[PDB]
Amino acid sequence: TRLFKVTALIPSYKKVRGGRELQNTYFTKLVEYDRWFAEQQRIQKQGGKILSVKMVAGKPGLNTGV
Amino acid sequence: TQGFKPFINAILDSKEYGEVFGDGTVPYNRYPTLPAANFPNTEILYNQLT
Amino acid sequence: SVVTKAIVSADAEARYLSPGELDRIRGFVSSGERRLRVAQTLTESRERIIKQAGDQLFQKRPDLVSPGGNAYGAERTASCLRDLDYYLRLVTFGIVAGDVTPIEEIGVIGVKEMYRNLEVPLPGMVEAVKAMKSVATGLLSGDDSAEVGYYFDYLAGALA
Amino acid sequence: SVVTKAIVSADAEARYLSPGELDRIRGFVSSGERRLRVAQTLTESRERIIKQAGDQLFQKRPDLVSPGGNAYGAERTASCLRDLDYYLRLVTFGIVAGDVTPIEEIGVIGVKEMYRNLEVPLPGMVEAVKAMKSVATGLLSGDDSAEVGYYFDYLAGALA
Amino acid sequence: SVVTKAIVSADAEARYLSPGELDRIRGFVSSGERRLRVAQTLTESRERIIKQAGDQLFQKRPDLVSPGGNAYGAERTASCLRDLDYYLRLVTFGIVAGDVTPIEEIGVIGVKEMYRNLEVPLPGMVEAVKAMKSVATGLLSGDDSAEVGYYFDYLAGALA
Amino acid sequence: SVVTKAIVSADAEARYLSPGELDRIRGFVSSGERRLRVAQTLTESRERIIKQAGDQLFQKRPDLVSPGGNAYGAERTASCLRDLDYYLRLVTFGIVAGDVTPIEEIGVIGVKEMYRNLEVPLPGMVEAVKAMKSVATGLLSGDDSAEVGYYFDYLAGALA
Amino acid sequence: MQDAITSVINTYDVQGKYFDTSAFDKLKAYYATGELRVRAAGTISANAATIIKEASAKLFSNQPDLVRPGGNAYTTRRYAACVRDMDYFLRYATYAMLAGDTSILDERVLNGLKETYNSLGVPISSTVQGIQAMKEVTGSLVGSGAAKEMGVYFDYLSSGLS
Amino acid sequence: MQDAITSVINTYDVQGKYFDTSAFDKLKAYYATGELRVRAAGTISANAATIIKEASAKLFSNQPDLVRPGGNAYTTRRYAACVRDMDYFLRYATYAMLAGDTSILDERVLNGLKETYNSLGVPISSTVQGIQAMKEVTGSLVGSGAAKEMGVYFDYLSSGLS
Amino acid sequence: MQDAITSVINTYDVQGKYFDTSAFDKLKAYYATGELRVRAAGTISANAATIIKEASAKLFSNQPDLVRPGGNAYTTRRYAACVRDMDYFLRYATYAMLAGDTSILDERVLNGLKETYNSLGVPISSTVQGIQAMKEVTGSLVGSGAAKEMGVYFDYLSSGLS
Amino acid sequence: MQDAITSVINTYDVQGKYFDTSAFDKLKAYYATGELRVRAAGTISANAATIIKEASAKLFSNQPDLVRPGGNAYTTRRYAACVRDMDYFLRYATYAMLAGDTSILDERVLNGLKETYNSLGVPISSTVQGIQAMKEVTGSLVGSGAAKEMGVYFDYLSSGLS
Amino acid sequence: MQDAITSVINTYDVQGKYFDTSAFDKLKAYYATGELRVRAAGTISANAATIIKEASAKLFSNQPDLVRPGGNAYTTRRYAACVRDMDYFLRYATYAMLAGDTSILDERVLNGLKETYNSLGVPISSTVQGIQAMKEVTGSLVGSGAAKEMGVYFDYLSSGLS
Amino acid sequence: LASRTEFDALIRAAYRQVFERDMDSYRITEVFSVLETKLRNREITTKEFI
Ligand SMILES: CCC1=C(C)/C(=C/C2=NC(=C\c3[nH]c(/C=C4\NC(=O)[C@H](C)[C@H]4CC)c(C)c3CCC(=O)O)/C(CCC(=O)O)=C2C)NC1=O
Ligand SMILES: CCC1=C(C)/C(=C/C2=NC(=C\c3[nH]c(/C=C4\NC(=O)[C@H](C)[C@H]4CC)c(C)c3CCC(=O)O)/C(CCC(=O)O)=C2C)NC1=O
Ligand SMILES: CCC1=C(C)/C(=C/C2=NC(=C\c3[nH]c(/C=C4\NC(=O)[C@H](C)[C@H]4CC)c(C)c3CCC(=O)O)/C(CCC(=O)O)=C2C)NC1=O
Ligand SMILES: CCC1=C(C)/C(=C/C2=NC(=C\c3[nH]c(/C=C4\NC(=O)[C@H](C)[C@H]4CC)c(C)c3CCC(=O)O)/C(CCC(=O)O)=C2C)NC1=O
Ligand SMILES: CCC1=C(C)/C(=C/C2=NC(=C\c3[nH]c(/C=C4\NC(=O)[C@H](C)[C@H]4CC)c(C)c3CCC(=O)O)/C(CCC(=O)O)=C2C)NC1=O
Ligand SMILES: CCC1=C(C)/C(=C/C2=NC(=C\c3[nH]c(/C=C4\NC(=O)[C@H](C)[C@H]4CC)c(C)c3CCC(=O)O)/C(CCC(=O)O)=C2C)NC1=O
Ligand SMILES: CCC1=C(C)/C(=C/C2=NC(=C\c3[nH]c(/C=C4\NC(=O)[C@H](C)[C@H]4CC)c(C)c3CCC(=O)O)/C(CCC(=O)O)=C2C)NC1=O
Ligand SMILES: CCC1=C(C)/C(=C/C2=NC(=C\c3[nH]c(/C=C4\NC(=O)[C@H](C)[C@H]4CC)c(C)c3CCC(=O)O)/C(CCC(=O)O)=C2C)NC1=O
Ligand SMILES: CCC1=C(C)/C(=C/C2=NC(=C\c3[nH]c(/C=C4\NC(=O)[C@H](C)[C@H]4CC)c(C)c3CCC(=O)O)/C(CCC(=O)O)=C2C)NC1=O
């Protein structure tokens with residue numbers, strides 16, 4: 001499997017920042033498979049809305065080569 | 001129990017890293033005022049050369 | 001509220017809520033009835049609280065309604081009283097919630113920037129909130145006054 | 001302890017204890033007497049509770065004292081009962097503390113590693129603490145038996 | 001396999017394979033016929049190995065087939081032997097691979113939580129794989145028995 | 001060496017050496033004597049190897065020993081041959097170590113900065129190393145020549 | 001996330017109205033049921049491993065192909081991930097039950113789980129069967145009222161996956 | 001980002017030409033406008049908070065429902081975010097005017113603003129109206145000549161948003 | 001950390017002893033003082049800003065050189081950090097009083113504070129003077145018995161710093 | 001990633017069967033060619049820089065417009081990126097050859113490559129011709145059988161790009 | 001770290017000498033012991049959990065006070081930490097044995113152990129006794145030849161601790 | 001394509017923070033060339049690079 005391509009919006013609730021934050025709210029990134037549970041949990045805990053996740057590198061259902 | 005890469009991941013997947021550095025900034029010396037003794041220990045670490 | 005904080009604290013450690021957290025929630029739901037009674041009492045006395053609070057603010061700070069003041073004019077004074085009504089509603093929400101979290105989320109985050117853009121004096125906010133606190137605590141009994149005044153104190157500290 | 005969790009939670013947010021947490025501490029301080037009475041009831045009967053829980057455990061799980069079982073032998077059975085007595089002591093500690101914090105710090109953190117290094121089955125531990133729960137809640141009135149059963153249930157969940 | 005491990009180690013550093021990595025690939029491929037014959041030998045004898053290993057398993061630890069034991073019953077015994085069949089197949093996969101990665105990713109990663117969810121004792125499973133090791137090495141020559149025993153030892157250490 | 005790489009890789013995962021890692025070390029130590037006699041062959045005839053490599057390098061690259069070249073003169077040509085001798089000793093070190101590690105720390109890390117500071121052209125180093133490869137592999141048998149040629153290739157790729 | 005109290009606060013805030021009689025009725029309804037919720041949550045916490053084990057046994061007995069070779073739950077790794085998912089479902093349903101609101105399931109469960117399973121190839125119908133198995137096992141443990149309450153959030157999870 | 005000078009340099013680098021008469025002419029045009037641009041940028045820098053105040057006042061006067069409950073600018077957080085966004089638009093329009101090229105707007109401001117606003121729920125039409133309100137206020141301060149030049153970048157921001 | 005309950009639990013856990021009559025008496029004594037402790041904690045929490053203002057006022061009146069140019073509390077950063085440290089001391093003294101145990105004072109305050117201040121050139125005697133001024137202000141607000149109790153934790157801090 | 005051995009293992013594992021005679025036949029086929037693959041990999045690593053130099057020289061001689069002004073490889077930056085891409089293609093083709101399987105190519109090279117090159121404006125056809133030049137140089141340098149083997153993976157890269 | 005071969009290499013590299021006959025003799029000795037070391041490391045890897053079990057059992061039988069209330073290894077957390085420390089010692093001893101050099105025991109193990117243990121109150125004498133207990137168990141497991149070799153590293157660890 | 005220099009500065013700052021100094025002697029640029037390439041084309045964030 002080995003790779004998720006995740007597009008996520010993370011809004012802000014705690015504060016309004018002087019920084020632009022257009023960098024960090026709406027983003028797409030490549031998270032390797034055994035990082036995805038932790039990353040998704042963190043994104044959900046920050047209050048974001050995960051817009052999409054895709055397979056890119058590996059093949060779903062493979063036993064070996066994971 | 002797990003070695004080096006799980007340990008690095010545990011640091012970088014911590015809530016603290018996400019709140020302080022997020023996904024965009026390179027980490028840096030923080031000069032932390034809290035908790036107690038974190039400031040001297042951090043300063044000893046960051047005042048040392050390689 | 002208290003339940004949400006207990007849940008998010010438990011989920012931070014990826015665990016179920018401990019018997020202590022469950023006991024805390026039990027105490028919270030026990031106090032809920034008195035909390036709704038207090039919030040009902042302040043909700044019934046909307047117009048009174050707003051009226052005396054505005055009168056004390058305007059007599060204590062005539063400059064706000066005087067020429068050049070931020071609240072000069074019928075519409076600006078109406079907006080002043082409207083802001084007071086907003087904050088009283090937020091305080092009722094805080095009373096039912098058991099904490100200042102709704103006040104924090106609706107009327108405290110970025111309030112200084114808002115009133116800077118609006119050219120609203122923050123000390124005028126603090127004095128208006130103190131007047132609201134005085135009226136609300138007066139209309140209450142001895143017991144309710146403490147918990148209601150705690151929220152007004154938090155709100156004034158947020159503005160100050 | 002309840003006070004310790006309140007203080008630690010407040011410290012993590014770098015704030016004073018709110019009136020809600022102070023009221024929680026006030027209720028815990030009020031119920032301290034009932035807690036001490038329950039703890040004394042469980043302490044005065046510790047020998048009976050241990051004996052009956054060991055019995056019920058060994059009828060419900062004969063394999064533990066059967067050949068090849070971890071509790072096989074009089075010495076290993078004495079160690080089994082000694083562990084049961086450790087956990088009953090920790091339960092009384094958690095009763096007076098008002099939370100499972102002493103139980104977790106003394107008998108739950110690293111218990112899987114310890115019992116694995118000891119070759120002790122965790123389902124056996126869960127059945128033993130369920131036996132203790134039955135026996136100890138049999139000694140108490142309904143209101144007190146419920147609150148003791150909460151600590152025993154936490155212990156069973158932490159072993160499982 | 002050995003090739004995959006060498007390639008990922010080289011790729012992490014954005015380099016070609018070092019003389020040591022290429023040397024280990026040569027050592028692997030030159031040994032392919034011998035380990036392949038070993039894998040065949042384990043393959044034809046799988047039924048006999050499983051049945052003898054299960055017999056030794058039950059003789060050494062009878063609580064599993066005793067009342068209150070995980071393997072108590074006929075269908076549970078068939079599932080017991082089915083797991084051993086799985087692990088012997090994974091051992092053959094590891095032998096042809098030259099490394100324990102097929103074993104690790106098919107039957108080792110997450111095995112503790114799996115058998116915990118099934119109330120399967122990991123000491124009992126370690127006795128199972130040791131019985132399989134004894135039986136399988138019995139049918140092999142010393143040079144082949146060494147390598148096969150190394151994989152069985154890895155499995156025993158990983159299981160518990 | 002092979003042993004040190006295996007140990008640090010296993011220590012990176014907080015584990016013992018896998019059957020593949022132990023097999024790799026076993027194959028390495030079983031090959032120690034051919035490695036030692038290859039180091040014998042390279043050490044016993046190092047003067048001839050350096051002389052012939054210098055001749056080939058200076059015939060394929062006359063600019064180095066022409067006026068204006070980096071190796072022009074007696075002393076600079078001596079320093080050129082001294083560097084070749086360094087790298088030959090490093091190849092012997094790597095051969096006994098079973099990996100390019102000693103070559104890597106003693107002569108590859110920071111080599112580009114060193115040779116830029118000295119104004120030694122790196123293609124000249126690559127040509128010299130290829131010449132010394134050919135000369136040294138001409139002295140060995142095919143099986144040993146391929147193995148040492150992999151070390152010389154690693155060195156050339158590092159200089160390239 | 002938002003609980004029942006924070007839910008009514010937000011709903012009355014969006015129109016900018018003070019709490020009416022119906023709002024206090026809703027709050028009384030929640031505080032009345034809170035103690036039952038606390039027993040239900042404590043009971044489920046005590047028996048989380050038991051509930052997950054019984055539900056997984058039921059799911060893999062009704063669908064034996066899932067854990068036989070070729071199935072999505074065939075390996076130690078993929079089986080362990082499956083039972084981890086069921087553990088998370090049960091604990092989050094307990095959270096949503098204590099809160100009295102299905103919001104936490106939206107923010108912290110369903111927030112990208114659908115398309116994560118879809119890209120992974122996890123079968124939706126089997127996951128729904130597992131959620132239903134947890135539902136029956138948990139209801140038989142927590143009794144009739146807490147069973148209805150927990151089942152509400154369980155069907156929320158099922159329909160979110162469906 | 002690129003300014004006018006860097007734009008001319010890039011258009012001459014792509015064709016591999018040294019500067020001819022036309023390139024020097026376009027450069028001279030930019031250095032002719034330079035003093036005007038610097039004066040306008042300094043004027044706006046002195047008056048940024050003001051211009052934001054009248055711009056937000058006009059936006060909320062023309063569309064009051066944005067700040068009453070139910071509007072997307074209804075909270076202190078959301079009102080602060082709205083005026084923060086308007087301040088960003090003014091600052092970046094000033095950057096673009098000083099540079100003389102609109103690449104900074106697409107590189108920094110407009111790259112991903114549609115996705116972010118639509119996912120958040122920010123109404124685009126109201127934000128465009130705010131851009132126009134800001135442009136009208138700024139034109140009064142900068143001066144008649146610099147007003148049109150700054151309006152160029154304000155309409156660039158609006159059309160990128162539109 | 002430790003409170004009175006945890007301290008009794010630890011002293012009876014090191015001995016492997018169930019609670020005796022003496023331990024129950026100690027627990028009763030703490031449970032009796034709990035109401036006074038909570039009252040004092042609420043009073044201090046409501047009045048923290050007043051206490052910091054008054055205590056820093058006495059400190060800077062007696063040691064004016066601390067706020068004259070070049071003094072350790074001379075800049076807005078260093079004045080703010082000074083009153084922040086005073087707020088820290090008040091908060092942790094209140095925690096300690098509510099716990100009935102000074103372990104939090106060693107663990108979360110006194111650990112490395114001395115060489116923190118020595119590495120920063122913060123005067124330690126003037127910090128102790130500030131703590132004493134804070135103790136005097138707090139005693140007037142919390143009442144005589146609470147004043148005596150709070151003095152214990154303030155004096156623990158002062159002695160640990162000295 | 002999958003090599004030939006892990007590919008066979010994965011197929012027989014998802015079937016859940018022990019190795020058959022055809023499986024051992026494929027494994028023998030792989031082990032038979034392993035020494036040839038190791039020699040080819042060592043030869044390629046020994047000559048990687050030379051291969052890239054000759055292949056890039058051939059590519060920019062057949063298409064001189066690529067590095068002339070206006071071409072996608074005209075700058076020091078973009079020329080460096082071009083030769084670095086050729087280095088990647090060579091190293092990963094060598095990886096795939098040594099593995100005996102193409103899964104590393106689409107796993108670590110081909111996934112998203114065409115979209116990335118199109119977004120950048122990189123000409124796909126010129127990249128294919130660069131791969132073909134690398135193929136010719138490498139095939140002449142390694143030898144006939146190794147030439148065919150490396151050509152398989154080079155053609156895989158070319159077909160993935162185009 | 002550093003092994004016997006790397007130690008010889010560095011010794012000769014500092015002198016800048018090619019390998020003499022003495023260096024080849026040392027390398028021959030290490031190559032000769034390599035098979036014994038590999039067999040011992042395999043045995044320890046196969047029986048490490050066992051070794052930890054008997055070593056801990058023996059240590060806590062010889063000093064029962066360590067695991068009874070009041071002892072340093074008395075709680076679940078401290079018992080688990082004790083076992084984890086013993087697992088460190090066994091694994092790093094096996095590494096050092098396989099290396100033929102005690103350096104890794106210097107970098108990864110003995111550096112700062114005294115400071116950590118004296119900070120925690122961990123009894124160094126009892127830890128040395130546990131290391132000895134591992135020494136008997138491991139020596140009995142590996143056999144006559146390897147027991148003497150592994151004793152070197154266990155006693156090196158003990159002497160570093162004491 | 002644009003702001004290449006500020007990506008490069010951020011990358012070298014990441015090297016200096018993780019490795020406490022410049023590491024050109026170890027060829028960090030070629031070791032992490034693929035990683036830098038993914039960072040520049042925005043496949044990964046700064047946190048994944050770190
Ligand atoms: C420097 C380039 C840049 C810009 C400008 C930018 C805008 C921006 N606006 C945001 C939210 C927002 N933006 C607005 C403003 C809108 N609401 C009203 O309808 C108005 C009509 C209108 C403003 C004129 C509001 C209210 C939010 C908060 C939305 C929420 O609650 O999540 C956010 C999400 C994170 C945050 O709240 O800070 C971004 C990133 N981002 C960038 O990287
Ligand atoms: C629910 C949380 C919330 C708050 C609190 C809030 C405050 C708020 N007050 C406003 C206006 C105002 N508010 C005031 C009040 C001030 N006048 C005096 O200085 C007094 C010190 C003080 C009143 C006590 C005035 C005078 C205005 C008119 C501003 C103007 O027209 O220049 C506005 C501009 C929009 C409008 O007029 O409807 C907002 C958004 N908005 C929110 O969404
Ligand atoms: C063990 C690792 C190691 C190496 C490799 C090493 C090389 C090295 N070569 C040096 C000089 C030199 N090295 C060379 C060799 C070059 N001339 C030709 O172009 C050839 C391409 C090439 C050799 C094949 C020359 C000509 C000099 C003299 C440079 C000068 O004096 O300006 C020097 C400066 C000290 C001296 O002049 O003796 C060093 C340190 N030092 C080390 O510690
Ligand atoms: C290829 C990797 C893999 C493995 C290994 C695997 C094993 C496995 N064994 C299972 C059941 C079982 N396995 C056992 C075996 C135990 N009985 C005794 O305790 C012994 C200690 C031990 C055997 C030596 C038993 C008794 C069951 C039935 C448990 C139950 O129904 O509650 C199950 C649950 C579903 C089923 O009945 O098949 C799995 C998934 N599955 C996999 O995908
Ligand atoms: C907190 C909410 C949450 C959940 C629940 C969640 C589920 C989740 N399950 C995953 C894999 C998985 N999940 C399952 C579970 C399925 N297989 C069986 O057939 C069942 C029908 C079914 C479970 C009942 C399996 C088998 C995998 C492994 C997929 C694979 O590796 O191919 C992954 C991929 C990443 C990883 O495992 O580390 C996620 C993120 N993530 C979340 O953030
Ligand atoms: C270099 C940076 C720096 C600053 C700025 C600074 C300000 C400062 N002003 C102080 C007192 C004061 N500051 C003021 C000034 C206020 N009175 C009116 O309200 C005005 C609105 C306002 C001045 C325009 C007054 C009246 C006091 C006396 C407070 C008192 O006596 O209670 C003090 C208390 C100590 C002392 O008086 O020596 C400080 C530290 N300290 C610094 O290290
Ligand atoms: C605008 C940025 C840019 C630069 C600078 C650039 C240089 C450049 N020089 C090249 C060839 C060359 N470059 C040189 C120059 C060297 N000859 C001597 O050694 C001198 C020390 C030195 C020049 C003073 C030579 C001789 C060649 C031909 C080499 C060959 O084709 O074999 C090539 C490859 C093919 C070609 O263009 O002919 C490039 C891309 N390309 C660019 O896009
Ligand atoms: C590990 C596998 C991998 C590959 C293959 C890969 C390709 C790749 N090439 C890139 C740039 C590039 N690639 C090329 C090369 C192409 N244009 C030339 O004309 C040639 C025809 C052709 C090469 C033969 C060029 C010129 C650029 C610069 C694009 C630009 O800046 O406009 C980029 C953008 C990021 C950056 O420049 O740092 C990627 C991702 N990335 C990877 O991680
Ligand atoms: C306060 C926290 C704490 C606990 C709980 C604790 C338990 C503990 N139990 C032990 C032995 C034991 N414990 C048991 C009990 C088990 N056997 C049966 O299977 C049952 C399922 C189960 C008990 C219900 C047995 C049989 C032994 C003897 C094991 C042996 O000698 O190999 C030991 C080894 C040393 C000794 O015997 O004193 C410890 C440390 N230690 C602690 O510091």
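We name chains A, B, ... by the order of the sequence lines, and we start the count at 1 in each one. Just so you know, these numbers use all the heavy atoms, side chains as well, and skip hydrogens, waters and symmetry mates.
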Under 4.5 Å between any side-chain heavy atoms of C:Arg24 and C:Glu21, yes or no?
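SC-SC contact between C:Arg24 and C:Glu21 confirmed.
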
side-chain hydrogen bond (donor to acceptor under 3.5 Å, both in side chains) between C:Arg76 and C:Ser79: does it pass, once the steps are laid out?
CA-CA 5 Å; C:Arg76 272 170 175 263; C:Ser79 282; over 6 Å; no

Atom group of C:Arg116 that falls short of 4.5 Å from chain H, counting heavy atoms
backbone

Quick check on C:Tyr115 against chain H: is it the side chain, the backbone, both or neither that has a heavy atom closer than 4.5 Å?
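Nothing of C:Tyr115, per the 4.5 Å heavy-atom cut-off to chain H.
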
Does the side chain of H:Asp3 come under 3.5 Å of the side chain of H:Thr6 through a donor N or O and an acceptor N or O?
yes

Under a 3.5 Å cutoff, is there a donor and acceptor pairing between the side chains of C:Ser9 and C:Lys5?
no

Does NZ or CZ of C:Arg35 fall inside the cone over C:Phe28's six-membered ring, less than 6.0 Å from its centre and within 45° of the axis?
yes

Give me the one residue out of C:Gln52, C:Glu127, C:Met125 that meets side-chain contact (heavy atoms from CB on, under 4.5 Å) with C:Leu57.
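The side-chain contact (heavy atoms from CB on, under 4.5 Å) with C:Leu57 is passed solely by C:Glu127 among C:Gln52, C:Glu127, C:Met125.
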
What closest approach, in Å, do H:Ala73 and H:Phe60 show between heavy atoms, and which atom pair accounts for it?
CB-CE2, 4.2 Å

side-chain hydrogen bond (donor to acceptor under 3.5 Å, both in side chains) assessment of H:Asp20 paired with H:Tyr12
CA-CA 9 Å; H:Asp20 47 0; H:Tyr12 270 75; 2.3 Å; yes

Residues 125-151 of chain H: residues contacting chain C (heavy atom under 4.5 Å, by number):
none

Residue-level interface, residues 76-112 of chain H with chain C, non-hydrogen cut-off under 4.5 Å:
H:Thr76, H:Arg77, H:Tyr79, H:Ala80, H:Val83

Please step through salt bridge (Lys or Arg N to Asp or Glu O under 4.0 Å) for the pair H:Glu54 and H:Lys58, ending with a clear verdict.
CA-CA 6 Å; H:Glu54 304 54 35; H:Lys58 186 180 289 293; over 6 Å; no

State whether the side chain of C:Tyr86 and the backbone N or O of C:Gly107 hold a donor-acceptor pair below 3.5 Å, judged by distance alone.
no

